[PDB]
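Tertiary structure, described
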Amino acid sequence: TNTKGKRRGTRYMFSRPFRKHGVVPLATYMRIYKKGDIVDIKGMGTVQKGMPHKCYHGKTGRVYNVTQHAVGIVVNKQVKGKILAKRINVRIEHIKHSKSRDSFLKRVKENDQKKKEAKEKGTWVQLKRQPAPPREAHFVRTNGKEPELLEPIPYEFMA
Amino acid sequence: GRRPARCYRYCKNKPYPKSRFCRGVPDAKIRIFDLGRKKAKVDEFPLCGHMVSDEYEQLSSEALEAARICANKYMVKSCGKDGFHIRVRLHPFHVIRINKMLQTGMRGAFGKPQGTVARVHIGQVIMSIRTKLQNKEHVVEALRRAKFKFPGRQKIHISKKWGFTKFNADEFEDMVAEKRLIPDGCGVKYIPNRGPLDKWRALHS
Amino acid sequence: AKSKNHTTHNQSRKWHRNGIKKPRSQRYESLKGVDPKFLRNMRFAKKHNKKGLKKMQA
Amino acid sequence: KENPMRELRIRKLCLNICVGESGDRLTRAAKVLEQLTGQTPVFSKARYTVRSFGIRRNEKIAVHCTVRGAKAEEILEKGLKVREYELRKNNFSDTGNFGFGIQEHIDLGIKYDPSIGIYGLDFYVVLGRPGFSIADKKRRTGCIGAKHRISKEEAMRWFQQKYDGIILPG
Amino acid sequence: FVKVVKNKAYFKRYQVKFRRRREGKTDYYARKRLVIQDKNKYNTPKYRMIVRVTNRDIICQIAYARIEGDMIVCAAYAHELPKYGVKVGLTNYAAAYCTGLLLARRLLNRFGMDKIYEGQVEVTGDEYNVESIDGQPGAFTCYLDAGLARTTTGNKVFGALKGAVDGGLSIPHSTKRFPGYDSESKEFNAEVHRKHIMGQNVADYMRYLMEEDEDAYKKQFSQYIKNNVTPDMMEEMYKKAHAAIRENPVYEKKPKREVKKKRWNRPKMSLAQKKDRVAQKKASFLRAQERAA
RNA sequence: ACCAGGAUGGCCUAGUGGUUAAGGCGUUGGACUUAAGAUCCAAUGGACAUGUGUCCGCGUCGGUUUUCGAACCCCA
RNA sequence: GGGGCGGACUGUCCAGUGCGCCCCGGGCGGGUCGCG
RNA sequence: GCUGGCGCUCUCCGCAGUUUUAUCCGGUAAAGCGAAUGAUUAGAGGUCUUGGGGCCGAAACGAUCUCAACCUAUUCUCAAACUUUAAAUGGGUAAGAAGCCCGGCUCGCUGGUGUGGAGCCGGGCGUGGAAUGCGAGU
RNA sequence: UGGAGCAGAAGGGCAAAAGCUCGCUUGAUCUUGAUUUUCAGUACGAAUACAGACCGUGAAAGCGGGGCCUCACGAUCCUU
RNA sequence: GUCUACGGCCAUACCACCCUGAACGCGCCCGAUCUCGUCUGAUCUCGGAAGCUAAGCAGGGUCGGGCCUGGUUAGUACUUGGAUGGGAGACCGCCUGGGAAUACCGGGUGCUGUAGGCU
Ligand SMILES: [Mg+2]
Ligand SMILES: [Mg+2]
Ligand SMILES: [Mg+2]
Ligand SMILES: [Mg+2]
Ligand SMILES: [Mg+2]
Ligand SMILES: [Mg+2]
Ligand SMILES: [Mg+2]
Ligand SMILES: [Mg+2]
Ligand SMILES: [Mg+2]
Ligand SMILES: [Mg+2]
Ligand SMILES: [Mg+2]
Ligand SMILES: [Mg+2]
Ligand SMILES: [Mg+2]
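Bear in mind the residue numbers are our own, running from 1 along each chain as written, so they may not match the entry, and residues with no coordinates are left out. Labels follow written order: the first chain is A, the first ligand is 1, and so on. The chains in this view make up only part of a larger assembly, and the values are for that part alone. Here the side-chain values reflect all heavy atoms present in the structure, with hydrogen atoms and water set aside.

**Considerations on helix α1 (residues 61-78) of chain B**
Residue and element names in this part refer to chain B. As a reminder of what qualifies: Numbering goes from the N terminus for both helices and strands, where a helix is a DSSP run of H or I of at least four residues and a strand is a run of E of at least two. A helix is expected to reach a length of 1.5 Å times the quantity of its residues less one. The rule is simple: take the accessible area with a 1.4 Å probe, protein chains only, and divide by the maximum for that residue type; under 20% is buried, over 50% is exposed, in between is partly exposed. Should any heavy atoms of two residues lie within 4.5 Å, those residues are considered in contact.
Between the first and last C-alpha of α1 there are 25 Å, a value that for 18 residues agrees with the 26 Å anticipated at 1.5 Å per step. Within the span of α1, buried status applies to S61, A63, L64, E65, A67, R68, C70, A71, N72, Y74 and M75. In the core, the buried residues of α1 are packed alongside β1 (34-36), β3 (57-60), β4 (84-88), β6 (112-120), β7 (125-131) and α2 (136-146). Positive backbone phi, approximately 85 degrees, marks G80, located one or two places after α1.

**Things to note about helix α6 (residues 156-167) of chain E**
Residues and elements named next belong to chain E. An ideal rise of 1.5 Å per residue puts 16 Å on 12 residues; α6 measures up with 16 Å between its terminal C-alpha atoms. Where burial is concerned, most of α6 is hidden: 11 out of the 12 residues are buried. Of the residues making up α6, those classed as buried are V157, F158, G159, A160, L161, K162, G163, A164, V165, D166 and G167. Residues of α6 that are buried make contact with β1 (47-53), β2 (58-66), α5 (93-111), β4 (143-145), α7 (190-197) and α11 (234-247). Just past α6, the residue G168 takes up positive phi, approximately 130 degrees.

**Looking at the sheet that holds strand β2 (residues 60-66) of chain A**
All names here are of chain A. Condition: We call two strands paired when DSSP finds no fewer than two bridges between them. Only the stretch in contact is used when fitting a helix axis, every axis being a line fitted to C-alpha atoms; angles between N-to-C directions are given from 0 to 180 degrees.
Reading across the sheet, the 5 strands line up as β4-β3-β2-β1-β5 and stay open at both edges, with antiparallel pairing between neighbours. Whereas interior strands pair on both sides, the edge strands pair on one side only; in this sheet they are β4 (82-91) and β5 (95-97). Neighbouring strand axes in the sheet, compared pairwise and without regard to direction, differ in orientation by 45 degrees on average. Here strand β1 (residues 38-41) pairs with β2 via 3 bridges, running antiparallel. Bridge pairing links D40 to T60 in β2.

**Quick look at the packing of aromatic side chains**
Inclusion rule: Two rings from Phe, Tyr or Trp (for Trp, the six-membered ring) form a pair when their centres sit within 6.5 Å of each other. Planes less than 30 degrees apart are called stacked, planes more than 60 degrees apart edge-to-face, and all others tilted. By the criterion adopted, a ring carries a charge over it if an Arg CZ or a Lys NZ lies within 6 Å of its centre and within 35 degrees of its normal.
Taken as a whole and judged by the stated rule, the model has 21 aromatic pairs over all chains. Residues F167(B) and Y190(B) carry aromatic rings whose centres are separated by 5.8 Å and whose planes lie at 10 degrees to one another, so their mutual orientation is stacked. Separated by 23 residues along the polypeptide, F167(B) in the loop between β8 (154-158) and α3 (169-177) and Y190(B) in strand β10 (residues 187-190) bring together distant segments of the chain. Judged by relative accessible area, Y190(B) falls into the partly exposed class, the value being 42%. Pairing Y205(E) with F221(E) gives two aromatic rings, centres 5.6 Å apart and planes at 75 degrees, and the pair type is edge-to-face. In this pair, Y205(E) sits in helix α8 (residues 202-212) while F221(E) sits in the loop between α9 (214-220) and α10 (222-226), placing the two residues 16 residues apart along the sequence. In this structure, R87(A) packs its charged tip against the face of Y64(A), placed 4.6 Å from the ring centre. Against the face of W200(B) rests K282(E), its NZ or CZ located 4.7 Å from the ring centre.

**What about the interface of chain E and chain A?**
Accessible area lost during the coming together of the parts is what is often quoted as the interface size. To keep it simple, the criterion reads: Two parts placed together each lose some accessible area under a 1.4 Å probe, and adding up what both lose gives the buried area. The term salt bridge refers to a pairing of a side-chain nitrogen on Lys or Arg with a carboxyl oxygen on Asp or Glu at a separation within 4 Å. Residues adjacent in sequence count toward polar contacts only when both atoms are side-chain atoms; beyond that, a polar contact is any pair of N or O atoms within 3.5 Å, and within protein one must be able to donate a hydrogen and the other to accept it. Here the nonpolar group is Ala, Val, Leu, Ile, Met, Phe, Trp, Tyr, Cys and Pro; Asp, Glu, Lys and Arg are the charged ones; every other residue, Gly included, is treated as polar.
Contacts between the two partners involve 17 residues from chain E, matched on the other side by 21 residues from chain A. Interface area for chain E against chain A, summed over the two sides, is near 1800 Å², with a carbon-plus-sulfur share of 67%. Considering only the surface of chain E that becomes buried against chain A, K39(E), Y42(E) and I67(E) emerge as the three largest contributors, covering 35% of it. Connecting chain E to chain A are 0 salt bridges. Where chain E packs against chain A, one counts 4 residue pairs in polar contact. Elements with a minimum of two residues in the side of chain E that touches chain A: α1 (8-13), α3 (28-35) and β2 of chain E. Among the elements that make up the side of chain E that touches chain A, the one with the highest residue count is α3(E) (3 residues). Here the residues of the side of chain E that touches chain A sort into 7 nonpolar, 3 polar and 7 charged.

**Some details on the protein's contact with RNA strand G**
All names here are of chain E. Note the threshold: Each residue is tested against the molecule or strand, and it is near if at least one of its non-hydrogen atoms lies within 4 Å.
Residues in close proximity to RNA strand G include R266, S270, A272, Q273, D276, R277, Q280, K281, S284, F285, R287 and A288, which together make up its full environment. Here the atoms of RNA strand G within 4 Å of the protein split so that 70% fall in sugar or phosphate, with bases taking the remainder. Within the side chain of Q273, an N or O atom sits 2.9 Å from a base oxygen of RNA strand G. Contact between RNA strand G and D276: a sugar or linking oxygen at 2.9 Å from a side-chain N or O atom of the residue. Of the residues contributing to the surface near RNA strand G, the split by class is 3 nonpolar, 4 polar and 5 charged.

Given below as structure tokens:
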């Protein structure tokens with residue numbers, strides 16, 4: 001059997017990237033985390049305090065509590081056949097703001113900005129994003145040149 | 001003494017080199033990987049022939065020495081004592097194990113290091129010989145004789161390259177002439193158009 | 001008499017028979033684990049929201 | 001014309017007496033360095049134990065001092081008056097420093113007393129131009145630059161044009 | 001010979017430090033503990049009194065750190081002390097006090113807190129700390145940024161600190177680093193600190209030199225004679241400077257004018273030019289052989 | 001094979017906690033005796049079995065080698 | 001591509017390379033609009 | 001945990017062993033060793049940075065050759081307990097009414113600041129804001 | 001650029017440091033709750049953010065409730 | 001055109017050598033009475049302004065090394081899913097989608113925020 005150690009198998013996971021060791025850049029610490037904000041967990045190995053467990057690395061959660069140097073996050077964690085909503089405490093170094101929700105915020109701002117105008121102009125805009133449609137019927141111009149003829153190559157033993 | 005090579009023909013295990021975790025490994029039977037005129041220049045031995053593997057198999061160090069003795073003997077007989085250069089292009093790094101049983105059974109059945117065996121892929125060169133152009137049938141018969149020391153199927157392929165180099169034999173001589181390859185012992189050194197200009201002045205003085 | 005040591009073989013089927021349900025998120029989630037100083041001040045704010053009730057109706 | 005700041009100057013004269021064993025025989029060498037330099041020197045400890053030398057770790061086996069100002073100039077003229085203004089070409093280092101050794105400190109002109117004895121010592125001269133302290137400052141430390149460094153062949157020229165010294169070959 | 005250390009693999013594996021650390025201008029260990037706010041304070045600015053001694057100038061800045069960079073709220077230099085009267089000695093302890101006081105009064109006048117929070121109007125040099133008056137806005141609170149300056153007793157960063165806290169800024173400090181604090185008795189002497197604030201350590205040096213070596217006095221205080229500053233006027237000259245600072249601490253911008261767009265550096269050389277240059281070098285080197293033979 | 005050990009002057013044995021190389025016999029030189037043993041006065045020598053790690057420093061502690069001896073190898 | 005003015009810069013033969021403003025000769029490339 | 005039974009609360013918005021659009025996560029396959037660590041084959045080019053020697057000298061980096069290490073560029077072959085790179089498959093999150101947008105109170109937390117945060121109230125906005133499928137919850 | 005050291009196994013981490021040398025110390029103290037880890041989502045152990053004291057240290061920002069992290073340990077009954 | 005003070009991103013910024021640097025600045029530089037700390041005013045700390053861009057620093061240069069970004073490598077290697085595909089096997093081919101990495105060959109060589117100067 002294995003060991004139940006806390007950092008078992010985290011040799012590359014908690015390690016720093018190549019030529020990215022040493023001083024933590026200080027705008028990591030300057031980012032505002034509100035209640036309810038959606039963030040991504042990624043354990044930095046420079047700071048050994050507040051370190052999330054390896055099952056939270058690469059998980060995304062919702063911040064429920066904010067303290068001086070750390071936040072509490074609600075994280076979905078699958079425990080065999082049930083998913084638990086975790087209440088974990090993790091420092092500011094091991095988290096980063098998720099960008100998955102701030103494109104939905106861009107979509108709702110351009111969707112309420114397309115509801116509130118064009119209503120006075122009477123036309124109808126689209127808000128539900130359709131998937132990638134079949135390609136429309138189009139003409140392909142071969143102006144002058146004939147399409148180049150391809151043949152399979154003879155087999156030559158390379159080396 | 002040692003088992004027949006059919007026990008360790010296939011690359012079944014993960015690679016297992018000798019390191020600080022594998023100790024008590026006996027030295028390989030093959031030690032010398034180059035025979036013939038090692039000191040021959042790059043323009044003296046233009047014609048290169050390879051013995052190329054066709055299987056993902058494992059060649060023993062004993063076989064790698066037997067084939068180089070067979071090929072060496074035919075090339076010293078046919079091309080004369082120094083008219084060739086043989087490079088064995090596999091070095092046996094994968095250690096094979098043995099669980100010797102004279103009783104414990106399969107309890108604690110992790111082997112002690114039995115021997116050293118090289119791993120070859122489909123299309124990887126096993127042996128290479130460079131020589132003069134007129135010794136081509138002697139190269140082909142030398143590798144064809146050395147074939148029988150090896151398990152599995154090997155092809156003999158006269159390479160497009162110039163000896164033991166990465167450059168083609170047709171483009172080789174005029175790109176030596178244009179001072180793109182400077183001959184440096186066995187092979188060549190490529191001179192790109194990218195260094196400081198003092199190297200270009202030293203080359204074009 | 002040796003035996004099988006460990007497996008996770010039929011487990012993914014058993015987890016999916018009644019489903020792998022996401023945990024039940026409802027609005028107004030509980031305040032367990034929030035900062036006690038912040039929560040004590042929040043309870044003072046909730047205790048005195050009735051104070052400025054006339055300004056609200058005005 | 002060269003600038004006034006390319007003029008070579010003696011940064012420091014570093015004197016040590018390496019006795020090799022601790023006690024009274026090292027305190028009298030400290031008194032030698034005191035009467036030579038005008039200041040109390042500091043002892044240096046052995047880094048590890050070598051039985052062939054008779055040293056133990058962290059045992060005070062040498063004493064040394066650094067002098068600057070005009071006092072380094074005066075003690076260096078003392079040292080070269082002992083050495084008769086002759087240095088060998090190999091006494092100059094690759095970075096533009098030089099040095100020598102005195103077999104007897106009372107040859108410098110320190111009066112002998114029975115309470116101390118006679119100690120040989122070791123002279124090292126570190127030269128510099130103005131601006132060599134930027135590698136030692138705290139706020140904006142840098143390297144001194146290639147055209148500002150002292151070559152061996154420049155420190156030899158400074159020595160021969162500053163003390164009329166004769167650089168012995170070999 | 002020697003295995004060369006700065007080979008190709010060395011620069012492949014080299015991780016350069018931060019630009020400010022490589023230059024030497026920033027202690028990032030200090031900056032992490034100094035500029036970062038607690039995260040349950042939520043864009044509440046954390047203010048700094050950056051105090052920087054150059055060779056000819058003391059700089060006192062009030063800043064707060066943002067993600068996109070530090071945001072300077074107020075700034076005061078010593079080169080503007082000729083406006084208030086301190087013509088000579090723009091990098092002494094008294095000038096440090098003057099620009100700390102000028103930074104404090106400029107910032108409080110910008111925030112509207114000039115008539116409140118006046119500090120010590122008479123400088124006596126002891127421990128003083130402003131306090132928040134109820135009903136009025138609370139006092140401005142910042143923390144000192146000495147940078148890499150070795151905070152020993154008598155450092156001019158603490159002169160700037162004393163100028164700021166006598167102007168009315170709430171900065172946490174002790175009197176252990178003010179000049180006049182005796183290290184052996186562990187007591188602080190406000191009168192000695194008042195002499196250092198009013199420059200009665202340097203007028204003592206001019207009186208010291210005018211009796212020992214008049215020529216060394218000439219070469220040590222040369223612009224003092226040119227500006228006609230004597231040992232006897234130093235206290236009231238700094239007093240009039242402090243009174244003028246609290247009279248008018250607002251800063252007027254030096255007006256922008258037009259210039260003829262003159263470039264003083266070499267422009268970066270183009271790809272066509274750097275190909276042509278090496279082609280010309282090759283042609284010249286080859287002609288220096290086909291003309292030699 | 002598994003466990004437990006053991007390798008030091010020419011032979012037989014000491015030797016730690018980590019700094020001291022020990023003893024007996026032997027060898028060598030001089031006395032005693034006509035001479036030799038015995039006896040008396042002295043002297044030398046150690047691949048500390050190897051390399052590695054710990055430590056300032058190892059014969060000494062800790063893992064791996066190379067020669068040896070001891071115990072066990074049972075129920076059918 | 002050519003012309004004009006302003007400059008910068010380079011080559012171990014006067015010779016050459018960009019950049020700024022203006023003009024011409026256009027060829028070209030597809031987009032947008034109009035006409036048949 | 002899987003199972004059955006008994007139900008119950010609603011339905012007649014929600015959810016998914018699925019994709020898409022976004023967005024993070026990873027160090028396996030492959031690849032690399034003219035890149036760190038480790039292993040390792042071959043020549044070549046150099047000098048004193050040392051040594052082993054022939055030969056010329058008391059000898060001399062004085063002349064003279066080599067041969068070794070050493071250094072500089074190449075080259076052959078590699079790694080589960082190496083790695084600059086680095087997949088495919090895969091794991092989180094988001095795809096709205098519990099959402100946005102105004103106004104106004106409370107706070108003993110925060111503190112230049114009707115500052116910041118948080119909690120309360122009042123109002124406004126339904127094109128239900130990817131595809132597909134299915135009644136769910138307890 | 002760490003090829004050293006950080007008590008040790010190994011891995012990760014670390015350069016005006018987390019290493020080395022000084023200065024001062026005792027946050028290796030008292031007291032609730034919450035959380036992570038193994039997990040049944042139980043304990044122990046270990047750990048993490050907080051809060052309430054009382055302190056240390058520094059000029060201050062801050063940092064500290066043991067050791068840079070991953071290991072170094074113990075229920076009921078009884079005794080003290 | 002550029003610098004100073006504080007920075008964010010942390011080499012397109014580093015490294016080696018060379019050339020230029022107007023004005024302010026940054027510095028080097030002068031000194032040790034005071035503050036302070038050293039064997040040593042070299043550092044640190046303080047008090048200054050005779051001299052100078054020599055150094056740092058800034059801007060350029062190198063058929064520069066590194067770094068960054070492309071092409072090639074290469075639809076190669078590998079890979080999701082499929083077959084009563086092949087082969088004694090080893091392994092390989094096809095269908096279905098996904099898809100690298102060196103060597104080799106191009107291009108680039110710090111942007112930028114706040115406050116305050118100089119032309
Ligand atoms: Mg196997
Ligand atoms: Mg079982
Ligand atoms: Mg500090
Ligand atoms: Mg792994
Ligand atoms: Mg592989
Ligand atoms: Mg506390
Ligand atoms: Mg510690
Ligand atoms: Mg019991
Ligand atoms: Mg000085
Ligand atoms: Mg300069
Ligand atoms: Mg210059
Ligand atoms: Mg380049
Ligand atoms: Mg700017």
